[PDB]
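Given next, in structure tokens, is a single chain: the form deposited in one PDB entry.
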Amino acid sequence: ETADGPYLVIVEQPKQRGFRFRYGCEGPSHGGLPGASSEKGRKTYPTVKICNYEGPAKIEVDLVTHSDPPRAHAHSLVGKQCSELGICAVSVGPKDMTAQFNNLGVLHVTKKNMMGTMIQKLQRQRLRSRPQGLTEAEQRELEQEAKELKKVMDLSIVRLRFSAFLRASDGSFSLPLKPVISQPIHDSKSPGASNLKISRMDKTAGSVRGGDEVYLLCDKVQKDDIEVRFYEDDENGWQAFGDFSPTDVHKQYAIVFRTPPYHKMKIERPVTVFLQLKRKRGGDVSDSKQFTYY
């Protein structure tokens, strides 16, 4: 890895949640895939660096599947750093060996397009390392992949693949490094697949007993995949949950839940705990609101 030569490292991953993939018709300039630690105070973008080598290199980025045999995604990166359809590319000058990708879009392919767009991509890979032409059998078989790749491909999750290149024999940058794959990126427009947000809730306080019903208004969530985690910041690390049925999650924008019992029963003074929305599979949370026992 780190002493089999020069290698890439992702200095700043893409933000896994909250980024919207755009269909070609929505427009060309709706805003860039940011870094995992971006915020409106200070913006960050996915960043990578070449280690163990200095001097000109070219880093390309392209979308691969969520699946770990990393395969090219039907979706395309779009933006300033990209070509006609040719993928996004940044140049590392020798002093600073790190590349920011600060204007990266994800063009959403329609299902009605997916196969055509994918054959059009597999061809290119066939005519990449391997020789110049495709026999009809060569092509019937390429179309195979397309069909059985469309059955199993998640159009709401992508991974960036950074492919770093160095000047080969002729000075043409076609001698590559091992490619480095980022953490998965969810489409904020896939239902309930954005980041958790607590808009407002109707009670801020209840009895230490628990069982008090609270109306929580949130951004779109999945009835089946959401929870309401109460907790304390301390060495005790106490946690409890909201009590609700799926029918209690109203049209993916509200949760009617009954508060959990506090870890003690006879508090002398009123105690503030935190609650947060949490994703069941994933573990990402919303910003916590305070709740006071007694």
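The term rigid core refers to the maximal set of C-alpha atoms that superpose within 1.5 Å between the two forms. Shifts are known only where both forms have a C-alpha. The first residue of the sequence shown is number 1, and the count goes up from there.
Keep in mind that the form deposited in another entry is not shown, yet the notes after this line are about it.
- Annotation for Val208: C-alpha shift of 2 angstroms or more between this form and the one not shown, rigid core superposed.
- Superposed on the core, the two forms differ at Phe274: its CA moves 2 Å or more between this form and the one not shown.
- Segments of 3 or more consecutive residues in which every C-alpha moves by 2 Å or more between this form and the one not shown, counting only residues present in both forms and fitting on the core, are 2-4, 83-86, 128-133, 168-170, 191-294.
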